[PDB]
Amino acid sequence: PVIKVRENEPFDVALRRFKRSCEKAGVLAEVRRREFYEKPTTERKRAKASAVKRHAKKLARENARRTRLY
Amino acid sequence: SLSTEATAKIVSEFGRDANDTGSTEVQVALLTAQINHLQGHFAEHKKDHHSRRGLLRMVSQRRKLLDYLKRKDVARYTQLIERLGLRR
Amino acid sequence: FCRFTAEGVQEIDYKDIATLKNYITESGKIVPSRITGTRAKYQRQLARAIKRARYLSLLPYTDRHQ
Amino acid sequence: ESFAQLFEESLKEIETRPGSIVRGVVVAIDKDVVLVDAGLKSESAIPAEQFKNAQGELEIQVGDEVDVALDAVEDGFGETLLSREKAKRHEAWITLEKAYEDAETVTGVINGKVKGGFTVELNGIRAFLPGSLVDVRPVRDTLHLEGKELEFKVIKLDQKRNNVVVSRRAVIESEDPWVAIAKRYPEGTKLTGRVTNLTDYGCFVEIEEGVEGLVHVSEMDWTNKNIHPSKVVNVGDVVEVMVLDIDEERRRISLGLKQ
Amino acid sequence: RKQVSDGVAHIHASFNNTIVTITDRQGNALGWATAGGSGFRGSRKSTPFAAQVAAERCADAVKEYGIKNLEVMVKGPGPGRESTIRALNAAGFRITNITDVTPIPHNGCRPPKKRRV
Amino acid sequence: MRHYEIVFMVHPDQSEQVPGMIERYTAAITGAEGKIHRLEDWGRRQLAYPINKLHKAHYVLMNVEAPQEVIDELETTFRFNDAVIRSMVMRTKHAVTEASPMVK
RNA sequence: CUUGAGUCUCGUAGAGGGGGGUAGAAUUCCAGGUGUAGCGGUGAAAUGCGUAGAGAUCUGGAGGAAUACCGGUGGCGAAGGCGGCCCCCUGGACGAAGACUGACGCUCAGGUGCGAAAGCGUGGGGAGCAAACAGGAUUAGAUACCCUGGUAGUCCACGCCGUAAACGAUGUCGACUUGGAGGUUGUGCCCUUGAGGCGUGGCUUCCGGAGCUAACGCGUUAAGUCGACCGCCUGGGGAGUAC
């Protein structure tokens with residue numbers, strides 16, 4: 001996330017750009033994931049469970065949407 | 001795997017028509033040549049278990065082929081095992 | 001909306017650095033196939049090409065390093 | 001018999017997919033829904049805002065015919081994608097007609113350059129232009145009477161992205177998105193883009209040749225968090241947006257709307 | 001001491017404590033300050049406010065070097081990441097580059113074990 | 001026999017030597033009745049990252065239909081030769097003769 | 001005899017296996033520069049490291065281990081399992097047409113082999129992590145959870161061990177029975193008039209019909225309808241223990 005302040009650019013804007021760049025990089029998240037060790041099984045489990053949750057969110061709620069609430 | 005030219009050769013010798021390629025004897029031979037080839041490999045690479053699994057399968061299939069030949073036609077089997085030098 | 005299918009390339013070239021640079025990050029990262037919409041078959045080889053480039057110092061591994 | 005088979009292929013022969021064949025007869029109007037029947041499986045839930053012309057009142061009563069659009073079928077019940085898009089094909093045909101004689105002649109009134117180029121409006125729709133095209137020369141319609149009437153003489157079009165720039169004055173004078181994504185880039189090039197779907201964190205206005213923009217939730221207005229995009233803009237409408245940010249790598253052009 | 005116009009700010013932002021270190025462009029450190037040293041302990045020094053005041057202190061320290069331009073490198077995750085740089089800005093330097101300088105391995109060493117809490 | 005694709009890199013200070021080495025390489029390939037389908041002196045080039053502390057280096061691309069033994073010999077030569085900092089012998093299916101995207 | 005089974009021809013994708021090279025990031029240590037009082041850690045601390053100059057910061061070097069992004073209810077493998085690039089040797093799978101062989105098949109008690117992690121032996125290696133251990137906390141106590149350190153081991157070579165919730169808790173092979181939404185990998189035709197249109201094969205994720213089921217659920221990848229062979233069960237404990 002290397003950044004250079006443009007000529008006649010506000011500081012705050014520059015900071016915002018940097019924050020955006022960092023977010024894009026996923027650096028903080030990267031760090032968080034590497035703080036301590038995750039067992040392979042745990043990693044697999046998380047990935048799978050997340051996928052399951054995603055699929056539920058995609059399909060079951062769509063089905064629910066078809067019917068009106070009131 | 002066996003090189004195409006070598007396949008073609010072995011087929012030519014043992015196959016009657018040289019277009020057949022499926023003749024029991026031909027097949028036996030193909031397997032035998034492959035087994036011979038892989039012997040050097042596995043002399044080098046003793047832990048290559050996965051590849052050896054194939055080797056064993058090929059052997060077993062050769063073996064079955066030999067048995068089939070025996071029951072069908074004994075002489076032909078004899079000639080095949082003199083050509084290839086198979087102890088049995 | 002894959003490019004490679006439309007172009008119909010047989011294999012991605014690690015030499016064609018410009019094509020590669022489209023699929024790498026500003027930080028040097030290889031871009032996911034979700035974002036690029038590259039086809040899976042084509043994505044793998046693209047990654048392979050990128051890495052070969054990186055070995056050859058045609059592409060950088062990352063923005064920071066020097 | 002084969003009566004029916006022959007009819008099936010006949011009825012194939014006498015319809016097409018896009019909004020081309022002006023076939024749907026308006027068989028019920030109520031505010032705020034118009035409905036037609038173009039020989040489809042079901043009737044279209046048409047908005048009233050596809051069918052009021054240039055000053056805000058309706059124009060077609062029962063029995064009137066406009067084609068709609070297709071190639072998307074049954075979200076759960078119903079049939080179509082809207083008919084004004086059909087009008088876009090007619091506008092494209094008019095623009096192409098220029099090629100024949102190298103001059104398309106309409107009225108074109110371009111007051112100000114949204115994204116460098118004056119905005120030119122043809123009867124109902126208003127399109128955005130690149131800078132040079134508003135004026136044949138440096139004439140600069142800012143000194144002309146506001147919203148003046150000349151014509152449009154085409155200077156530049158993007159040919160996949162509907163950006164068309166036209167020359168208002170001077171009657172005498174007569175993969176693919178992502179490699180060179182530096183055209184609308186620099187910091188602040190504003191665009192006219194139709195929104196597609198509002199995902200409760202976003203609006204997804206994306207018009208310019210197979211790209212994706214997000215004006216997500218923070219700008220959109222001059223209130224931050226209590227906004228809920230569906231309340232504040234629209235569904236399916238061409239708006240003010242500009243880039244503010246481009247990734248060419250992770251294909252996230254992050255447009256804005258508070259401007 | 002020799003005056004220098006342009007230099008660096010290194011911001012080591014940990015979870016527990018922030019460390020600001022101003023240096024010349026070559027690598028030689030001029031001054032430094034810390035949230036822990038600014039008089040912040042435990043809960044208090046792991047905060048953006050602690051970080052900004054540490055940054056302010058560091059800025060004060062290198063007054064005699066008369067630095068004007070500055071580029072910043074931000075290391076690590078912490079609260080004193082944005083706050084620190086804002087504080088630095090306020091202190092009145094021309095911020096030139098903002099760089100993120102976190103060490104990300106490409107799956108190298110095994111991290112320590114997950115805490116059981 | 002087998003279509004290899006070689007790209008090796010020379011130290012920039014040795015750029016003037018580069019032709020001779022190329023010739024030498026070529027000769028070996030010819031010795032074993034190995035064909036040489038394309039050959040592109042890329043020249044001096046800025047590195048994406050400084051390998052062995054230097055920032056530029058001299059790229060040579062090279063396409064060969066040759067036996068593995070000579071390829072191995074070439075690899076050994078490269079590894080011992082100090083001029084060439086990096087090499088990449090890389091198999092290929094076909095003789096690809098049309099040349100490279102940026103030579104163009 | 002050619003349907004099953006197999007061979008031959010051309011391609012295809014693959015973290016399949018074995019060997020040998022190499023790349024970059026990051027940690028650790030060493031040497032040196034700058035520099036000055038803290039660092040570190042937690043819920044909060046303290047042990048610990050620091051003015052014998054730490055932490056921070058820059059330069060150079062050493063060494064080991066693992067390969068960010070790509071990366072995906074993606075791929076390959078009999079299972080265990082397999083992930084940076086390159087090369088060498090090597091096994092399987094699938095498709096396309098043909099050509100051939102002509103039941104050569106399925107299953108399998110004993111038998112033989114492969115078989116995570118930990119563990120053992122001999123010889124190497126040893127960065128990080130870390131059973132054991134030590135100290136600091138917490139606590140009524142704390143032979144734990146948390147913190148600071150830390151040795152076997154983890155790594156390599158060759159042997160042994162032969163077990164795991166070694167799980168789909170679902171033996172293998174074959175046949176038949178409504179559907180939808182995908183993924184992946186082929187392939188035939190079609191104006192590819194465009195990312196497409198119509199098929200046809202392989203593997204694969206989810207939902208669901210009939211039927212089945214104690215229900216939960218399974219549902220063309222069956223836990224449905226049948227055939228062939230094997231393995232295994234007969235109340236709980238005692239006990240997968242004793243001899």
# chains A, B, ... in the order shown; residues from 1 in each chain; ligands from 1

call {"tool": "interface_residues", "arguments": {"of": "chain E", "to": "chain C", "cutoff": "12 Å", "atoms": "only C-alpha atoms", "output": "mmCIF file with N, CA, C and O atoms, in the first residue's frame"}}
result
data_model
loop_
_atom_site.group_PDB
_atom_site.id
_atom_site.type_symbol
_atom_site.label_atom_id
_atom_site.label_comp_id
_atom_site.auth_asym_id
_atom_site.auth_seq_id
_atom_site.Cartn_x
_atom_site.Cartn_y
_atom_site.Cartn_z
ATOM 1 N N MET E 73 6.065 5.274 7.423
ATOM 2 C CA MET E 73 5.877 3.848 7.246
ATOM 3 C C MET E 73 5.164 3.326 8.473
ATOM 4 O O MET E 73 5.631 3.513 9.602
ATOM 5 N N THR E 99 3.165 4.872 3.620
ATOM 6 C CA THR E 99 3.413 3.483 3.250
ATOM 7 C C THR E 99 2.975 2.558 4.370
ATOM 8 O O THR E 99 3.098 2.915 5.547
ATOM 9 N N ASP E 100 2.476 1.377 4.013
ATOM 10 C CA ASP E 100 2.168 0.329 4.980
ATOM 11 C C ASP E 100 3.291 -0.686 4.935
ATOM 12 O O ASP E 100 3.619 -1.202 3.854
ATOM 13 N N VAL E 101 3.845 -1.013 6.108
ATOM 14 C CA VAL E 101 5.101 -1.716 6.059
ATOM 15 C C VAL E 101 5.014 -2.968 6.954
ATOM 16 O O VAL E 101 6.003 -3.380 7.567
ATOM 17 N N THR E 102 3.796 -3.559 7.088
ATOM 18 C CA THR E 102 3.602 -4.767 7.886
ATOM 19 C C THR E 102 4.411 -5.928 7.317
ATOM 20 O O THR E 102 4.372 -6.175 6.107
ATOM 21 N N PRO E 103 5.104 -6.694 8.150
ATOM 22 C CA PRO E 103 5.765 -7.908 7.658
ATOM 23 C C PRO E 103 4.777 -9.042 7.463
ATOM 24 O O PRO E 103 4.299 -9.628 8.437
ATOM 25 N N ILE E 104 4.463 -9.352 6.215
ATOM 26 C CA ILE E 104 3.617 -10.490 5.892
ATOM 27 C C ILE E 104 4.521 -11.604 5.379
ATOM 28 O O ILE E 104 5.209 -11.434 4.373
ATOM 29 N N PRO E 105 4.617 -12.715 6.074
ATOM 30 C CA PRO E 105 5.282 -13.882 5.503
ATOM 31 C C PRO E 105 4.442 -14.491 4.405
ATOM 32 O O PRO E 105 3.215 -14.358 4.371
ATOM 33 N N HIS E 106 5.130 -15.173 3.498
ATOM 34 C CA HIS E 106 4.471 -15.950 2.453
ATOM 35 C C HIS E 106 4.406 -17.412 2.886
ATOM 36 O O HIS E 106 4.866 -18.348 2.223
#

call {"tool": "closest_atom_pairs", "arguments": {"of": "chain G", "to": "chain A", "cutoff": "10 Å", "atoms": "only C-alpha atoms (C1' of nucleotides)", "output": "JSON lines"}}
result
{"residue": "G:68", "atom": "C1'", "partner": "A:30", "partner_atom": "CA", "distance": 8.6}
{"residue": "G:69", "atom": "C1'", "partner": "A:25", "partner_atom": "CA", "distance": 9.9}
{"residue": "G:73", "atom": "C1'", "partner": "A:48", "partner_atom": "CA", "distance": 6.1}
{"residue": "G:129", "atom": "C1'", "partner": "A:37", "partner_atom": "CA", "distance": 9.1}
{"residue": "G:181", "atom": "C1'", "partner": "A:59", "partner_atom": "CA", "distance": 9.9}
{"residue": "G:206", "atom": "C1'", "partner": "A:55", "partner_atom": "CA", "distance": 8.2}
{"residue": "G:207", "atom": "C1'", "partner": "A:59", "partner_atom": "CA", "distance": 9.4}

call {"tool": "write_last_selection", "arguments": {"atoms": "C-alpha atoms (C1' of nucleotides)", "output": "PDB file, in the first residue's frame"}}
result
ATOM      1  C1'   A G  68       0.932 -15.562   1.442  1.00  0.00           C
ATOM      2  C1'   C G  69      -1.959 -13.963  -3.228  1.00  0.00           C
ATOM      3  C1'   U G  73     -18.507 -27.250  -0.682  1.00  0.00           C
ATOM      4  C1'   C G 129       6.680 -23.860  17.386  1.00  0.00           C
ATOM      5  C1'   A G 181     -30.135 -25.515  -9.643  1.00  0.00           C
ATOM      6  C1'   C G 206     -26.894 -28.529  -2.981  1.00  0.00           C
ATOM      7  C1'   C G 207     -32.418 -29.138  -3.013  1.00  0.00           C
TER       8        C G 207
END

call {"tool": "closest_atom_pairs", "arguments": {"of": "chain F", "to": "chain C", "cutoff": "9 Å", "atoms": "only C-alpha atoms", "output": "JSON lines"}}
result
{"residue": "F:7", "atom": "CA", "partner": "C:56", "partner_atom": "CA", "distance": 8.6}
{"residue": "F:8", "atom": "CA", "partner": "C:56", "partner_atom": "CA", "distance": 8.9}
{"residue": "F:9", "atom": "CA", "partner": "C:56", "partner_atom": "CA", "distance": 8.7}
{"residue": "F:46", "atom": "CA", "partner": "C:58", "partner_atom": "CA", "distance": 8.5}
{"residue": "F:47", "atom": "CA", "partner": "C:57", "partner_atom": "CA", "distance": 5.4}
{"residue": "F:48", "atom": "CA", "partner": "C:57", "partner_atom": "CA", "distance": 4.9}
{"residue": "F:49", "atom": "CA", "partner": "C:66", "partner_atom": "CA", "distance": 5.6}
{"residue": "F:50", "atom": "CA", "partner": "C:66", "partner_atom": "CA", "distance": 6.1}
{"residue": "F:51", "atom": "CA", "partner": "C:57", "partner_atom": "CA", "distance": 8.0}
{"residue": "F:53", "atom": "CA", "partner": "C:66", "partner_atom": "CA", "distance": 8.9}
{"residue": "F:86", "atom": "CA", "partner": "C:56", "partner_atom": "CA", "distance": 7.7}
{"residue": "F:87", "atom": "CA", "partner": "C:56", "partner_atom": "CA", "distance": 8.2}
{"residue": "F:88", "atom": "CA", "partner": "C:56", "partner_atom": "CA", "distance": 8.0}
{"residue": "F:100", "atom": "CA", "partner": "C:15", "partner_atom": "CA", "distance": 7.2}
{"residue": "F:101", "atom": "CA", "partner": "C:16", "partner_atom": "CA", "distance": 5.6}
{"residue": "F:102", "atom": "CA", "partner": "C:16", "partner_atom": "CA", "distance": 6.9}

call {"tool": "write_last_selection", "arguments": {"atoms": "N, CA, C and O atoms", "output": "PDB file, in the first residue's frame"}}
result
ATOM      1  N   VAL F   7      15.424 -19.250 -20.983  1.00  0.00           N
ATOM      2  CA  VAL F   7      15.665 -17.833 -20.847  1.00  0.00           C
ATOM      3  C   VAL F   7      16.712 -17.694 -19.771  1.00  0.00           C
ATOM      4  O   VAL F   7      16.522 -18.166 -18.645  1.00  0.00           O
ATOM      5  N   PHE F   8      17.823 -17.089 -20.126  1.00  0.00           N
ATOM      6  CA  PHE F   8      18.872 -16.870 -19.168  1.00  0.00           C
ATOM      7  C   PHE F   8      19.249 -15.422 -19.194  1.00  0.00           C
ATOM      8  O   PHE F   8      19.073 -14.701 -20.180  1.00  0.00           O
ATOM      9  N   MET F   9      19.791 -15.040 -18.062  1.00  0.00           N
ATOM     10  CA  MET F   9      20.064 -13.663 -17.746  1.00  0.00           C
ATOM     11  C   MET F   9      21.522 -13.470 -17.383  1.00  0.00           C
ATOM     12  O   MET F   9      22.097 -14.249 -16.597  1.00  0.00           O
ATOM     13  N   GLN F  46      15.470  -3.564 -17.073  1.00  0.00           N
ATOM     14  CA  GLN F  46      15.248  -3.246 -15.674  1.00  0.00           C
ATOM     15  C   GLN F  46      14.551  -4.400 -14.963  1.00  0.00           C
ATOM     16  O   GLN F  46      13.521  -4.900 -15.427  1.00  0.00           O
ATOM     17  N   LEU F  47      15.106  -4.815 -13.829  1.00  0.00           N
ATOM     18  CA  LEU F  47      14.527  -5.902 -13.054  1.00  0.00           C
ATOM     19  C   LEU F  47      13.363  -5.419 -12.207  1.00  0.00           C
ATOM     20  O   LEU F  47      13.375  -4.301 -11.685  1.00  0.00           O
ATOM     21  N   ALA F  48      12.359  -6.284 -12.054  1.00  0.00           N
ATOM     22  CA  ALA F  48      11.256  -5.962 -11.158  1.00  0.00           C
ATOM     23  C   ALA F  48      11.731  -5.877  -9.714  1.00  0.00           C
ATOM     24  O   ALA F  48      11.154  -5.131  -8.916  1.00  0.00           O
ATOM     25  N   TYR F  49      12.773  -6.625  -9.358  1.00  0.00           N
ATOM     26  CA  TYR F  49      13.387  -6.525  -8.046  1.00  0.00           C
ATOM     27  C   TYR F  49      14.870  -6.812  -8.194  1.00  0.00           C
ATOM     28  O   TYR F  49      15.259  -7.632  -9.033  1.00  0.00           O
ATOM     29  N   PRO F  50      15.711  -6.181  -7.391  1.00  0.00           N
ATOM     30  CA  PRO F  50      17.159  -6.317  -7.579  1.00  0.00           C
ATOM     31  C   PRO F  50      17.696  -7.649  -7.099  1.00  0.00           C
ATOM     32  O   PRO F  50      17.793  -7.887  -5.891  1.00  0.00           O
ATOM     33  N   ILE F  51      18.060  -8.516  -8.028  1.00  0.00           N
ATOM     34  CA  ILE F  51      18.643  -9.800  -7.673  1.00  0.00           C
ATOM     35  C   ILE F  51      20.148  -9.626  -7.550  1.00  0.00           C
ATOM     36  O   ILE F  51      20.781  -8.978  -8.392  1.00  0.00           O
ATOM     37  N   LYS F  53      21.752  -7.747  -5.783  1.00  0.00           N
ATOM     38  CA  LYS F  53      22.010  -6.349  -5.494  1.00  0.00           C
ATOM     39  C   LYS F  53      21.957  -5.469  -6.733  1.00  0.00           C
ATOM     40  O   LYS F  53      21.913  -4.247  -6.592  1.00  0.00           O
ATOM     41  N   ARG F  86      20.738 -15.920 -13.486  1.00  0.00           N
ATOM     42  CA  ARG F  86      19.570 -16.765 -13.456  1.00  0.00           C
ATOM     43  C   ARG F  86      19.395 -17.439 -14.803  1.00  0.00           C
ATOM     44  O   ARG F  86      19.864 -16.952 -15.849  1.00  0.00           O
ATOM     45  N   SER F  87      18.703 -18.568 -14.789  1.00  0.00           N
ATOM     46  CA  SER F  87      18.339 -19.253 -16.009  1.00  0.00           C
ATOM     47  C   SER F  87      16.970 -19.875 -15.810  1.00  0.00           C
ATOM     48  O   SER F  87      16.513 -20.089 -14.689  1.00  0.00           O
ATOM     49  N   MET F  88      16.304 -20.164 -16.921  1.00  0.00           N
ATOM     50  CA  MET F  88      15.081 -20.933 -16.783  1.00  0.00           C
ATOM     51  C   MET F  88      14.871 -21.791 -18.017  1.00  0.00           C
ATOM     52  O   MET F  88      14.208 -21.378 -18.972  1.00  0.00           O
ATOM     53  N   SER F 100       8.310 -13.365 -29.611  1.00  0.00           N
ATOM     54  CA  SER F 100       7.736 -13.027 -28.326  1.00  0.00           C
ATOM     55  C   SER F 100       6.964 -11.711 -28.367  1.00  0.00           C
ATOM     56  O   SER F 100       7.225 -10.846 -29.207  1.00  0.00           O
ATOM     57  N   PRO F 101       6.014 -11.539 -27.438  1.00  0.00           N
ATOM     58  CA  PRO F 101       5.017 -10.458 -27.568  1.00  0.00           C
ATOM     59  C   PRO F 101       5.583  -9.058 -27.525  1.00  0.00           C
ATOM     60  O   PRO F 101       5.006  -8.152 -28.128  1.00  0.00           O
ATOM     61  N   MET F 102       6.642  -8.862 -26.800  1.00  0.00           N
ATOM     62  CA  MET F 102       7.251  -7.546 -26.662  1.00  0.00           C
ATOM     63  C   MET F 102       8.474  -7.325 -27.532  1.00  0.00           C
ATOM     64  O   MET F 102       8.878  -6.172 -27.691  1.00  0.00           O
TER      65      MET F 102
END

call {"tool": "interface_residues", "arguments": {"of": "chain A", "to": "chain C", "cutoff": "12 Å", "atoms": "only C-alpha atoms", "output": "PDB file with N, CA and C atoms, in the first residue's frame"}}
result
ATOM      1  N   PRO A   1       0.814  -1.218   0.000  1.00  0.00           N
ATOM      2  CA  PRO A   1       0.000   0.000   0.000  1.00  0.00           C
ATOM      3  C   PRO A   1       0.846   1.266   0.000  1.00  0.00           C
ATOM      4  N   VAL A   2       1.802   1.337  -0.918  1.00  0.00           N
ATOM      5  CA  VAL A   2       2.646   2.518  -1.049  1.00  0.00           C
ATOM      6  C   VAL A   2       1.835   3.629  -1.695  1.00  0.00           C
ATOM      7  N   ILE A   3       1.953   4.836  -1.151  1.00  0.00           N
ATOM      8  CA  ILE A   3       1.154   5.964  -1.600  1.00  0.00           C
ATOM      9  C   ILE A   3       1.986   7.234  -1.531  1.00  0.00           C
ATOM     10  N   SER A  21      -6.642   1.784   0.474  1.00  0.00           N
ATOM     11  CA  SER A  21      -5.639   0.892  -0.083  1.00  0.00           C
ATOM     12  C   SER A  21      -5.373  -0.267   0.859  1.00  0.00           C
ATOM     13  N   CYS A  22      -5.210   0.043   2.141  1.00  0.00           N
ATOM     14  CA  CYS A  22      -4.980  -0.998   3.133  1.00  0.00           C
ATOM     15  C   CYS A  22      -6.125  -1.990   3.142  1.00  0.00           C
ATOM     16  N   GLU A  23      -7.351  -1.476   3.149  1.00  0.00           N
ATOM     17  CA  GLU A  23      -8.521  -2.341   3.154  1.00  0.00           C
ATOM     18  C   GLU A  23      -8.478  -3.279   1.969  1.00  0.00           C
ATOM     19  N   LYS A  24      -8.180  -2.726   0.806  1.00  0.00           N
ATOM     20  CA  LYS A  24      -8.097  -3.517  -0.405  1.00  0.00           C
ATOM     21  C   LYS A  24      -7.077  -4.622  -0.252  1.00  0.00           C
ATOM     22  N   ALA A  25      -5.913  -4.263   0.270  1.00  0.00           N
ATOM     23  CA  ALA A  25      -4.856  -5.234   0.470  1.00  0.00           C
ATOM     24  C   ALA A  25      -5.312  -6.362   1.382  1.00  0.00           C
ATOM     25  N   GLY A  26      -6.109  -6.038   2.395  1.00  0.00           N
ATOM     26  CA  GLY A  26      -6.464  -7.017   3.405  1.00  0.00           C
ATOM     27  C   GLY A  26      -5.325  -7.280   4.359  1.00  0.00           C
ATOM     28  N   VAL A  27      -4.504  -6.264   4.609  1.00  0.00           N
ATOM     29  CA  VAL A  27      -3.299  -6.448   5.403  1.00  0.00           C
ATOM     30  C   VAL A  27      -3.656  -6.758   6.842  1.00  0.00           C
TER      31      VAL A  27
END

call {"tool": "interface_residues", "arguments": {"of": "chain C", "to": "chain G", "cutoff": "8 Å", "atoms": "only C-alpha atoms (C1' of nucleotides)", "output": "ChimeraX atom specification"}}
result
/C:1-2,6,29-32,43-44,47,51-52,55,61

call {"tool": "write_last_selection", "arguments": {"atoms": "N, CA, C and O atoms", "output": "compact mmCIF listing (two decimals), in the first residue's frame"}}
result
# COMPACT_ATOMS: atom_id res chain seq x y z
N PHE C 1 -17.19 -13.27 -17.76
CA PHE C 1 -16.71 -12.50 -18.90
C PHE C 1 -15.20 -12.66 -19.04
O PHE C 1 -14.45 -11.71 -18.85
N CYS C 2 -14.78 -13.87 -19.39
CA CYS C 2 -13.36 -14.18 -19.48
C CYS C 2 -12.79 -13.66 -20.79
O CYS C 2 -13.44 -13.71 -21.84
N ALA C 6 -12.57 -15.61 -25.19
CA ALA C 6 -12.92 -14.81 -26.35
C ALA C 6 -11.74 -14.71 -27.30
O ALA C 6 -11.89 -14.87 -28.51
N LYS C 29 -0.28 -8.77 -5.82
CA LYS C 29 -1.09 -9.97 -5.68
C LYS C 29 -1.77 -10.38 -6.97
O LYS C 29 -2.12 -9.56 -7.82
N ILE C 30 -1.94 -11.70 -7.10
CA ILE C 30 -2.74 -12.24 -8.18
C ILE C 30 -4.20 -12.00 -7.86
O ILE C 30 -4.67 -12.25 -6.74
N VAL C 31 -4.93 -11.53 -8.85
CA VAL C 31 -6.31 -11.12 -8.64
C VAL C 31 -7.22 -12.35 -8.70
O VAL C 31 -7.06 -13.19 -9.59
N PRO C 32 -8.17 -12.48 -7.78
CA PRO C 32 -9.09 -13.61 -7.82
C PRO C 32 -9.85 -13.69 -9.13
O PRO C 32 -10.03 -12.71 -9.85
N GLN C 43 -7.59 -19.38 -15.36
CA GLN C 43 -7.05 -18.74 -14.16
C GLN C 43 -5.81 -19.46 -13.66
O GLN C 43 -4.82 -18.82 -13.26
N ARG C 44 -5.85 -20.80 -13.61
CA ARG C 44 -4.72 -21.53 -13.05
C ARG C 44 -3.44 -21.22 -13.80
O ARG C 44 -2.40 -20.90 -13.21
N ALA C 47 -2.03 -17.81 -13.23
CA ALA C 47 -1.27 -17.77 -11.99
C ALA C 47 0.12 -18.36 -12.20
O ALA C 47 1.13 -17.82 -11.72
N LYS C 51 3.73 -16.41 -11.76
CA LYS C 51 4.79 -16.83 -10.87
C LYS C 51 6.08 -17.02 -11.63
O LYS C 51 7.17 -16.67 -11.14
N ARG C 52 6.00 -17.58 -12.83
CA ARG C 52 7.20 -17.74 -13.64
C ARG C 52 7.83 -16.39 -13.90
O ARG C 52 9.06 -16.23 -13.82
N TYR C 55 9.68 -15.23 -10.84
CA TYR C 55 10.99 -15.86 -10.75
C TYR C 55 11.98 -15.14 -11.65
O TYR C 55 13.15 -14.99 -11.30
N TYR C 61 7.28 -9.71 -6.84
CA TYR C 61 6.52 -10.54 -5.92
C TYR C 61 5.54 -9.71 -5.12
O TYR C 61 4.48 -10.20 -4.70

call {"tool": "interface_residues", "arguments": {"of": "chain D", "to": "chain G", "cutoff": "12 Å", "atoms": "only C-alpha atoms (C1' of nucleotides)", "output": "list in words"}}
result
residues 175, 176 and 210 of chain D
